[PDB]
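Last residue of the sequence shown? That's 1067 in the numbering used here, and every number before it is there in order.
Idealized CB from N, CA, C, for every residue including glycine.
See below for the structure under consideration.
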Amino acid sequence: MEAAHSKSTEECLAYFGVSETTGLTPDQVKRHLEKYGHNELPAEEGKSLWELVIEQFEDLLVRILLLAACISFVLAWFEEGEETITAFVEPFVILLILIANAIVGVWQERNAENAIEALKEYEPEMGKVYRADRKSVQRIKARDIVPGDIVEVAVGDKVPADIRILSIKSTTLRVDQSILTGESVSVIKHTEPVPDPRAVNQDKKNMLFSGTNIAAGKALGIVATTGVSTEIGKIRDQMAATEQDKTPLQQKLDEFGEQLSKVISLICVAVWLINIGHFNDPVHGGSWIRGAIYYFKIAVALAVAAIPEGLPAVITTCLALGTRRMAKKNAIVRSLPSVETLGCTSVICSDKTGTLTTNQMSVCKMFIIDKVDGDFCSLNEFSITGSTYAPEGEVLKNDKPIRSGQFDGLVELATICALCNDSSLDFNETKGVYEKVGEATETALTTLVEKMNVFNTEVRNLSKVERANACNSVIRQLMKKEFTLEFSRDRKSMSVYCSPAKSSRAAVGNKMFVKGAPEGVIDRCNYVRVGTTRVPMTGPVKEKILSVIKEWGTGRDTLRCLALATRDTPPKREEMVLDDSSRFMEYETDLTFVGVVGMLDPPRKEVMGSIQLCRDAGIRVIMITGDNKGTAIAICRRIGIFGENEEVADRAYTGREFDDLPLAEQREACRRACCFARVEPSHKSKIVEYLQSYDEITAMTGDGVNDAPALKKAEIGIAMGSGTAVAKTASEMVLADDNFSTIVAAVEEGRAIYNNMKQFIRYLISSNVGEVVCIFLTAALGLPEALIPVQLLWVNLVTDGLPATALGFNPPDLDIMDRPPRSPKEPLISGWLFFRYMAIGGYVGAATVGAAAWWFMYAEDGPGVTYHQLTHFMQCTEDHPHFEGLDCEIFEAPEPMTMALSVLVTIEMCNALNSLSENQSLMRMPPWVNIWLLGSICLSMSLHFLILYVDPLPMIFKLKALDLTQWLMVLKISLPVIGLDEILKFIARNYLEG
Ligand SMILES: C/C=C(/C)C(=O)O[C@H]1C(C)=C2[C@H]([C@@H]1OC(=O)CCCCCCC)[C@@](C)(OC(C)=O)C[C@H](OC(=O)CCC)[C@@]1(OC(=O)CCC)[C@H]2OC(=O)[C@@]1(C)O
Ligand SMILES: [K+]
């Protein structure tokens, strides 16, 4: 395996010591394979349903629950025969929760798809090699190809390994590197080595990357690297080495787990410390077993009271909902947990072309020199109407319409555009529109031609179909395209050698038409065509040319410029070696400049404002383009990244400038920069790590497989709907319309989702707090079980689940985007809020406990044990002659529990209205504000009633319907909550900073 692109064909045949005609010898193959491994990507990690299930049972809370599920299962295995049969329902349900919860997580991971797996979609199953053991070519399994052995590839074939090309068996070799480099059009390959050893893939012209397809031709080559060593394998590793943090809310959930675990434990010690006097009791097992059974069944209750068993159910459903809501807005969220992290984006890095702009190129300014008379000079600027690739528009000089033909200079310019260009136009009748056939920038020159047909060649009486390439093919027939010197990033330009065809044109026969970067080509021009004549390119004329070139790329226009020239006396045909990108630059010299063409890549409508939104939303936007920084910066001003007069010294760098900086300034640059032009692949990944060293949540756009590494490392990777599949499977979200503004839209829903999501979480949590309080008093005072595990779960999964999810539909704040990005480390409940719930729980804990006790003593239905130890109720059948002239079974009664459970239920509907706003009073933000809320509160209540009356139910919950007067008591207990909160809110509102 090597750096073959820089090495020559021999040197490579040398390195591996393999014969180009024999290939590797069967021995060499065994040796080579055992030294370089199979040419395949690392096997998938092996996870079992077992590990997958065990993982479900790793969470701390899930464990705490599983444990209690047993204390319960055992406790229920100790009931009194017929005194109870429903005994086994408490433990059975907790399991269903855990069983359910597991089933979810799994059916969650089986349906998951690995971004690293997608890559294997680019590995052909078979390949063709030439080995010593046979005369003719052999079609083996890609996996068995080895670095060194000879391989031949042809059209259709997907490249197997990273190959250095030895000799092209065809006239030309075209490849589709789209995925790995991002060049839609098939490029041309050669055999000559590339000097630079640190070259980027795009410039390795003698290289075949594994996974890309061969568009046209047939060639032979020696395998540079295989497996994880190839260009794609290097990506697989960056991705496999990339580790992703958990959603801040996912973190908070682990945080809350550890903590709950502590508290519960302390509660136990406290409770025990409370009933310490028991160490001063007569020594004899007077319910030694009846007392332990008691605590254990309080243990299980305490557990289901501290864990919000319906919260993950609610979050998952709120995420799924908003998700669809976004799908509507072209924002396709792949991972639900992300809708949150999205909301916290503080930096968005977007590619320019496809997403910030339309990528619908069009030329709207031309200019040909009009006169050179020493120092005096005058150009001929023009403007061209139309943004579409449609052959409709006109040409104007000072806004005044013109027939292009009248200018000789334009007749030349025009041809160059049709001849040099490989792209073309087509018109699909189904959609009734003109379509770009080749590349955006060339296919533009195509429509430019059409719109200015120099010869007036009448075409009006044509259909749109044929109208598409009319004026080009006109010029296509004039000259004969002999051969083309393709584009090369060194000389930044391409050309075409042309013959006159039919005689009478013989004189000035062979010509050479060039088009490339202005500074580039113009430095190679010794002449300038003024009409049909020519004149020595002089300094004055050159300054004037390069001056206009800058107003066009730097001015409010933000235009990309193409210099069009011509070599009048092109080197003799045979004196040219048409297969070495290196010499083409030398063949494209001694040129006479004819004129430049400025085209535009209009920004999308909804982009301007989207950029403004981010300003208000405190989100930094960083552009990633291919433009030079001169125009890059212009485009950045045009859309809003920069002000029109804003300084941009240390806020816009280029791929080189950046690299030329020491790791320190490099880092410093990233916290201020916004426009990054002509950026290599490595970069996207460095810019992310730096933005991260500043604790920022960044978003990164990408389309091809080369972006996957970056995408997988950005907090939120955004892939293009039109982009590769690997790219998509590597990103958290996809943009159907590839439109950047869709990003901003997505981010806004994230802030909206987390806002509502935020509340129902605070809501379900407080209720769990109050539930615990109840249990704590129940045991701290030795009272009869006010609330039972079975009941609690119902209230936690259903009675509170409905109000909870509904709170997820709270009307979004109007200013959501006028506030900076949320801090991930922001806790959900602290400070003053901590205290309110500290107080609310403290309340319901009292309301629930007391509600039940009040039935025992003080009620007309219940036996007033009033102001007498209801508490020592356990020692009762024995001690009855003392303080017990009644039946020791009242305590098992349902009325009492059915009391607390009702006060709990009504207090949780009340606390659901208080959760409509953290600090706004209901008198201000009335409950009717969120209809869904009220609706569910009804569904909930009726559900509560259901389990009270419908016969089968009451029995298992240990609940007996209570009459019209007991109910009124529930109200006198619950309702005060609303007031307690209004007060506590008023405090926040008024005094405490707020
Ligand atoms: C389920 C409620 C029980 C009774 C409880 O013990 O929870 C407490 C504790 C886990 C939280 C605390 C809990 O604190 C309290 O209950 C104190 C115990 C009261 C004693 C009652 C007697 C039996 C949370 C629930 O508290 C509030 C008032 O509801 C608030 C906060 O949690 C939230 O952010 C939810 C996160 C998803 C936590 O805050 C703490 O105060 C910080 C501790 C270092 C919680 O602790 C953290 O994990 C936080 C940030 O999540
Ligand atoms: K990621």
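query = What first and last residue would you give for the beta strand (DSSP E) that runs through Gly589?
reply = Counted as a single uninterrupted DSSP element, the beta strand (DSSP E) harbouring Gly589 occupies residues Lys584 to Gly589.
query = So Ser79 and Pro270 are in contact, right, with Cβ under 8 Å, and what is the actual spacing, rounded?
reply = 5 Å between Cβ atoms; contact.
query = Would the beta-carbon of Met911 be found less than 7 Å away from any heavy atom of ligand 1?
reply = yes
ask   = For the beta strand (DSSP E) that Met672 lies in, which residues bound it at each end?
value = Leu664 to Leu673
message = For ligand 1, I want to know if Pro410 counts as a neighbour, meaning its beta carbon is within less than 7 Å of at least one of the ligand's heavy atoms.
response = no
task = Would you decide whether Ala173 is buried or exposed? Buried here means 16 or more other CB atoms lie within 10 Å of its CB.
result = exposed
task = Can you give me the Cβ contacts of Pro99 inside the same chain, cut-off strictly under 6 Å, excluding the 5 residues immediately before and after it?
result = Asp206
inquiry  = Tell me which residues share the same chain as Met911 and place their Cβ nearer than 8 Å to its Cβ, disregarding the 5 neighbours each side in the sequence.
reply    = Within the same chain, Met911 has close Cβ partners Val842.
ask   = Who are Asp446's beta bridge partners in DSSP?
value = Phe449
request  = Check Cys747 in the structure and name its three-state DSSP category.
outcome  = coil
ask   = Just to check, is the beta-carbon of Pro954 closer than 7 Å to a non-hydrogen atom of ligand 1?
value = Flag unset: Cβ of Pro954 not near ligand 1.
Beta-carbon proximity of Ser814 to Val680, cut-off 8 Å = For the 8 Å CB-CB criterion, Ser814 and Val680 form a contact.
inquiry  = Cutting at 7 Å between CB atoms, please list the residues of its own chain near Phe956, excluding the five before and the five after it.
reply    = For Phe956, same chain residues with a beta-carbon under 7 Å away, outside a window of 5 residues either side, are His941 and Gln942 in chain order.
ask   = By the 10 Å Cβ neighbour count, where 16 or more other Cβ atoms means buried, how is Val594 classified, buried or exposed?
value = buried
task = Grab me the residues of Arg835's own chain with a C-beta within less than 7 Å of its C-beta, minus the 5 sequence neighbours each way, in chain order.
result = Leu901, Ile902 and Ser988
Of the residues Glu962, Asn1003 and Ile913, the one placed nearest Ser1047, counting alpha carbons only = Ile913
task = Tell whether a beta-carbon distance below 8 Å holds between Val228 and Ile218.
result = no
message = Can you tell me whether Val1023 sits near ligand 1, meaning its C-beta is under 7 Å from at least one heavy atom of the ligand?
response = no
request  = Below 7 Å CB to CB, which residues in the same chain sit around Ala77 once its five sequence neighbours on both sides are set aside?
outcome  = The residues are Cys85, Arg237 and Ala297.
ask   = Skipping 5 residues on each side, what residues in its chain have a beta carbon closer than 6 Å to that of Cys493?
value = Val569, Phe586 and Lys588
request  = Quick one: residues in its chain with C-beta nearer than 7 Å to the C-beta of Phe908, no 5 flanking neighbours on either side, listed in chain order?
outcome  = none
query = Using a beta-carbon distance below 8 Å, is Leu1007 in contact with chain D?
reply = As a matter of chain content, chain D is missing from the structure shown, which is built from one protein chain.
query = Starting from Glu163 and walking both ways along the alpha helix (DSSP H), at which residues does that stretch end?
reply = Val162 to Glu182
ask   = According to the Cβ coordinates, are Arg204 and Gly96 closer than 8 Å?
value = In this structure, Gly96 lies closer than 8 Å to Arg204 by Cβ.
request  = Determine the extent of the beta strand (DSSP E) in which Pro474 is found, giving its start and end residues.
outcome  = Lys473 to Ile475
ask   = Between the Cα of residue 65 and the Cα atoms of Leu239, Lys108, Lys262 and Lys231, which residue gives the shortest distance?
value = Since the first and last residues shown for the chain are 74 and 1067, residue 65 lies out of range.
ask   = Going by Cα to Cα distance, which pick from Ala400, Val373 and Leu134 is closest to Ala819?
value = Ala400
key: C-alpha gap between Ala160 and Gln765, whole angstroms   = So the alpha carbons of these two residues sit roughly 54 Å apart.
message = Quick check on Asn829: buried or exposed, where buried means 16 or more other Cβ atoms within 10 Å of its Cβ?
response = buried
query = Can you give the Cα-Cα distance for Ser620 and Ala87, rounded to whole angstroms?
reply = 52 Å
query = Ordered along the chain, which non-local residues of its own chain (more than five positions away) have a Cβ less than 6 Å from that of residue 68?
reply = No answer is possible for residue 68: it lies beyond the span of the chain, which begins at 74 and ends at 1067.
Beta-bridge partners of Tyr726, as assigned by DSSP = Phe749
ask   = Among all the DSSP beta bridges, which residues are the ones paired with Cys422?
value = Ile695 and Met773
inquiry  = Spatial neighbours of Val669 within its chain, please: C-beta separation below 7 Å, excluding the five flanking residues on both sides.
reply    = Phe440, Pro591, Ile622, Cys634, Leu635, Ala636 and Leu637
ask   = Is the beta carbon of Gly284 less than 8 Å from the beta carbon of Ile252?
value = yes
query = Any heavy atom of ligand 2 within a distance shorter than 7 Å of the CB on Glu805?
reply = yes
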